[PDB]
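Trainee: Pasting an experimental structure with its sequence.
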Amino acid sequence: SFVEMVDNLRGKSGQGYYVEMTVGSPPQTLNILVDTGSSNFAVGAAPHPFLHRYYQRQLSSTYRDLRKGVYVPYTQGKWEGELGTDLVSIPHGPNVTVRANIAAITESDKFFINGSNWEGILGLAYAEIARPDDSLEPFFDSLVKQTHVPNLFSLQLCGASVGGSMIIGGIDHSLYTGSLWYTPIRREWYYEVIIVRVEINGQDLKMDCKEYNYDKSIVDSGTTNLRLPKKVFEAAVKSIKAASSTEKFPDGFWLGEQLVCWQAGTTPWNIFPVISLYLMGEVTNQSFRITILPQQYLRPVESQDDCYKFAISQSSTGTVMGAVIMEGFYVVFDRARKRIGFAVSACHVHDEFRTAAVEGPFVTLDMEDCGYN
Ligand SMILES: CC(C)[C@H](NC(=O)[C@H](C)C[C@H](O)[C@H](COCc1cc(F)cc(F)c1)NC(=O)c1cc(C(=O)N[C@H](C)c2ccccc2)cc(N(C)S(C)(=O)=O)c1)C(=O)NCc1ccccc1
């Protein structure tokens with residue numbers, strides 16, 4: 001039932017959203033980072049200074065060794081480990097047990113985060129980007145094939161320490177407002193989508209829309225920032241720079257390298273532009289927009305000052321719509337229908353005079369031109 005899953009995510013601010021799970025017999029309780037940018041289910045199986053518990057394969061009567069090794073690199077860190085299957089369930093999720101692939105993590109490099117409170121990762125993207133190859137069934141596929149849980153999940157990530165909901169197997173209407181707008185998943189590997197226009201405070205950025213998806217645009221609950229290709233990152237920074245030139249910033253701030261602060265309660269939100277991403281819609285020549293507030297891309301970092309880090313950053317692997325984008329929104333991963341839906345969420349962040357928004361329809365000729373091949 002849906003209400004039982006509402007508020008099943010937690011997290012320390014800047015440190016990820018995790019859901020509670022159990023692996024084994026008898027069940028061992030672990031916190032798992034919820035990650036739509038990858039496809040491997042993996043937990044700490046070995047003492048690590050940043051970890052407070054870990055999976056112990058020898059305490060489980062249902063563990064099965066797979067006698068195959070694995071390694072998974074992310075933008076920001078990596079780990080290797082030993083594959084195997086075991087029984088798994090989600091306390092605050094659907095009321096089932098499945099046998100799934102689990103990577104037992106034995107060494108890692110900049111992957112676990114100090115004091116984050118999660119010991120593992122749930123990659124919810126598709127088989128094709130699974131390691132070591134697409135034959136390792138991802139958790140969610142196993143979940144669907146072995147139960148009657150419909151092939152769909154939704155994420156409401158609340159920022160504003162950090163909380164939210166993962167509704168597994170449907171949509172809870174009491175968590176968003178207005179209507180859901182859908183964008184096709186272009187290809188089932190990452191959650192790849194096509195961005196057809198970008199505006200900053202109502203001004204078209206006027207780049208060739210191939211640039212917005214060079215070389216892909218993905219939706220990713222595992223990455224903090226809105227990450228943009230070099231060309232797009234530079235046009236954006238130049239605009240945001242010019243809209244808030246009223247104020248004083250060391251330019252390593254623009255690079256995410258230092259903070260800016262303000263006498264508490266005086267942050268000048270008004271000089272930071274709203275950003276609109278226009279996504280491919282579901283019908284010919286049709287798109288829609290989602291608009292984020294500066295409260296989403298200036299993240300409060302923990303004096304009686306308010307300090308913020310700039311959370312838009314460069315990438316050479318295409319656009320990443322990370323938690324900065326997703327925290328405004330109720331995001332539906334309709335795998336069954338190959339689409340991703342957005343609505344303003346209930347826990348939306350609050351400007352005095354401006355609102356995070358999902359709006360349509362819009363006309364956009366030549367949307368197919370926008371995909372990079
Ligand atoms: C297996 C495959 C699908 C893999 N997937 C990915 O890399 C996707 C895009 C990234 C994942 O979402 C991956 C999974 O998240 C786990 C993680 C947490 C870490 F602290 C460190 C890590 F290394 C990893 N996330 C990140 O790489 C990542 C995490 C963070 C980050 O801070 N994440 C935390 C947990 C967080 C905080 C708040 C909200 C959500 C998440 C930040 C970044 N940035 C780059 S940034 C500064 O925001 O621009 C990236 C991939 O594509 N690899 C390609 C590759 C190969 C070799 C080398 C580099 C890249």
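Mentor: Sure, I can see it. Numbers count the residues shown, from 1 in each chain.
Trainee: Could you find the closest non-adjacent residue to the closest residue to the ligand within the stretch 151-300 of the chain?
Mentor: The ligand sits closest to residue 222 of the stretch 151-300 of the chain, with a gap of 2.7 Å, by CB to the nearest ligand atom. C-beta coordinates here come from the backbone N, C-alpha and C atoms, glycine included. Of all residues not flanking residue 222 in the chain, residue 35 sits nearest, at 3.7 Å (CB to CB, 6 or more residues apart in numbering).
Trainee: backbone phi and psi for that neighbour, please?
Mentor: Phi and psi for residue 35, reported as degrees, to the nearest 10, are phi -130, psi 100.
Trainee: before we move on, what about residue 301?
Mentor: According to degrees, to the nearest 10, residue 301 has phi -110, psi 130.
Trainee: what about it, how many neighbours?
Mentor: 14 (other CB atoms under 10 Å).
Trainee: With the one 4 residues further on instead?
Mentor: Here the number of neighbours of residue 305 (other CB under 10 Å) works out to 14.
Trainee: do residue 26 as well
Mentor: Residue 26 has 10 nearby residues by other CB under 10 Å.
Trainee: touching the ligand at all, the longest helix that the chain contains?
Mentor: Secondary structure of the chain per DSSP state H: the longest helix is helix 230-243. No - Helix 230-243 does not reach the ligand (CB under 6 Å from any ligand atom); its nearest approach is 10.9 Å.
Trainee: What's the first helix or strand after that helix?
Mentor: strand 260-263 (DSSP states H and E).
Trainee: rewinding a little: now do the same contact list for the residue nearest to residue 222.
Mentor: Shown in contact with residue 35 (CB atoms under 8 Å, 6 or more residues apart in numbering): 121, 122, 123, 124, 125, 220, 221, 222.
Trainee: Over to residue 322?
Mentor: 220, 221, 222, 223, 224, 225, 226, 227.
Trainee: wait, what's in contact with the residue nearest to it when sequence neighbours are not counted?
Mentor: Excluding its sequence neighbours, the residue lying closest to residue 322 (CB to CB, 6+ apart) is residue 223, at 3.6 Å. For residue 223, the contact set (CB under 8 Å, 6+ apart) comprises 37, 75, 76, 320, 322, 323.
Trainee: so what's residue 225 up against?
Mentor: Neighbours of residue 225 in contact, by CB under 8 Å, 6+ apart: 256, 311, 312, 313, 320, 322, 323, 324.
Trainee: Could I get the residues you listed in JSON lines, plus columns for distance to residue 351 and secondary structure?
Mentor: Output for the contacts of residue 225, formatted as JSON lines (distance: CB to CB, whole Å; DSSP: H, G, I helix; E, B strand; the rest coil):
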{"residue": "256", "distance to residue 351": "23", "secondary structure": "coil"}
{"residue": "311", "distance to residue 351": "17", "secondary structure": "coil"}
{"residue": "312", "distance to residue 351": "18", "secondary structure": "strand"}
{"residue": "313", "distance to residue 351": "23", "secondary structure": "strand"}
{"residue": "320", "distance to residue 351": "24", "secondary structure": "strand"}
{"residue": "322", "distance to residue 351": "20", "secondary structure": "coil"}
{"residue": "323", "distance to residue 351": "18", "secondary structure": "helix"}
{"residue": "324", "distance to residue 351": "15", "secondary structure": "helix"}
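Trainee: now those residues: which count as buried?
Mentor: With burial judged by 16 or more other CB atoms under 10 Å, the buried subset of the contacts of residue 225 is 311, 312, 313, 320, 322, 323, 324.
Trainee: Filter these to keep only those in contact with the ligand.
Mentor: Near the ligand, by the rule CB under 6 Å from any ligand atom, you find 313, 322, 323 out of those.
Trainee: returning to what we had before: secondary structure class for the residue of the stretch 151-300 of the chain closest to the ligand?
Mentor: coil (DSSP: H, G, I helix; E, B strand; the rest coil).
Trainee: Any idea how many residues pack against it?
Mentor: 23.
Trainee: my read: it touches residue 37, true?
Mentor: Yes - with contacts counted by CB atoms under 8 Å, residue 222 reaches residue 37, the gap being 4.7 Å.
Trainee: hey, what's in contact with both of the two?
Mentor: Taking CB under 8 Å, 6+ apart as the criterion, residue 222 and residue 37 both touch residue 74.
Trainee: now stretch 169-189: how far from the chain's centre is it?
Mentor: Offset of stretch 169-189 from its chain centre (CA atoms, centre = their mean, to the nearest Å): 14 Å.
Trainee: does it come close to the ligand?
Mentor: No - judged by CB under 6 Å from any ligand atom, stretch 169-189 stays clear of the ligand, getting no closer than 8.2 Å.
Trainee: What's the end-to-end length of that stretch?
Mentor: 20 Å (CA to CA, to the nearest Å).
Trainee: buried ones in that stretch?
Mentor: Under the neighbour-count rule (16+ other CB under 10 Å), stretch 169-189 has 169-172, 175-176, 180-186, 189 buried.
Trainee: Could you pull up the residues touching the residue in the stretch 251-373 of the chain that the ligand sits nearest to?
Mentor: Per CB to the nearest ligand atom, residue 323 is where the stretch 251-373 of the chain lies closest to the ligand, at 3.7 Å. Residues in contact with residue 323, defined by CB under 8 Å, 6+ apart, are 17, 157, 159, 221, 223, 224, 225.
Trainee: burial of the second one, as a residue count?
Mentor: Think residue 157. Residue 157, neighbours per other CB under 10 Å, totals 25.
Trainee: Does the closest residue to it other than its chain neighbours have any beta-bridge partners, and if so which?
Mentor: For residue 157, ignoring the flanking residues on the chain, the nearest one in space by CB to CB, 6+ apart is residue 164 at 4.4 Å. Taking DSSP bridges as the rule, residue 164 bridges to residue 9, residue 157.
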